[PDB]
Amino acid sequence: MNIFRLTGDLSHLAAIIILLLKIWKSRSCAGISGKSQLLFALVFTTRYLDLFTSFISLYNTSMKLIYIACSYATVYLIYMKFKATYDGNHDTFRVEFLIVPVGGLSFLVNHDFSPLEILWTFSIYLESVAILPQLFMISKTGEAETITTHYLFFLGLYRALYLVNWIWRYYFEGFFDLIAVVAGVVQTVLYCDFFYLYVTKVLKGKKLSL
């Protein structure tokens, strides 16, 4: 446990609440990729099966349950409650090009050939590309609302802080996980265009055009 990990967990929970409250208060999920929310829910489901085999801490258990709860709730608001404002015509990313290959790669490239480890690996590879449908939707529609960009900033910053956390844990604890690291780098580089546009445009009162 270090400040980079804690700030990364707070940044991830901030992003999840920003999106959930934006949809709930506005009674609309316009411009939100439902597909990326299905992918994030699927990451939490496959990663957190260890809730049944391990107890690390009350913080670890609580955060996992909150993430599963908010990811499933976000999916429910998009596809059931406010489905009248879900823009299916613009959320056209073919997620089978992500799930089928990521699934195949988790079975072949992992730390152990056992069901719980293969499922954890799937969650790591899938998370690295889970935001692709949302970024693809923004480029298609042309615009991204300010609150949508704050959601994307805090979501992108979370795994960037986890990379710093892995440098810290490697130096001080001798801990190293190459699958999480390489996937974490892939996950963060996919935000590079967004980060540049958020800092130079959004933080200066301008339009984010992907």
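Take the two forms, find the largest set of C-alpha atoms that superpose within 1.5 Å, and that set is the rigid core. In case it trips you up, residue 1 is the first one in the sequence shown, and so on.
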remark   = By Cα RMS to this form in 6 other deposited structures of this protein after fitting the core, the stretch ranking higher of 111-119 and 136-144 is 136-144
query = Which of these two stretches, 187-195 or 14-22, has the larger RMS Cα offset in 6 other deposited structures of this protein when the rigid core is kept aligned?
reply = 187-195
Between the two ranges 139-147 and 160-168, the one averaging a larger CA B factor in the entry = 139-147
task = Could you check the entry and say whether 169-177 or 32-40 has the higher mean CA B-factor?
result = 169-177
ask   = Lowest, middle or highest third: where is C192 by Cα B-factor in its chain?
value = highest
ask   = Should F153 be placed in the lowest, middle or highest third of its chain by the C-alpha B factor in the entry?
value = lowest
message = Taking only the Cα B-factors deposited for this chain, tell me whether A15 sits in the lowest, middle or highest third.
response = lowest
request  = Could you look up the Cα B-factor of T85 in the entry and say which third of the chain it sits in: lowest, middle or highest?
outcome  = highest
note = Here the Cα B-factor of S54, set against its chain, lands in the third termed highest
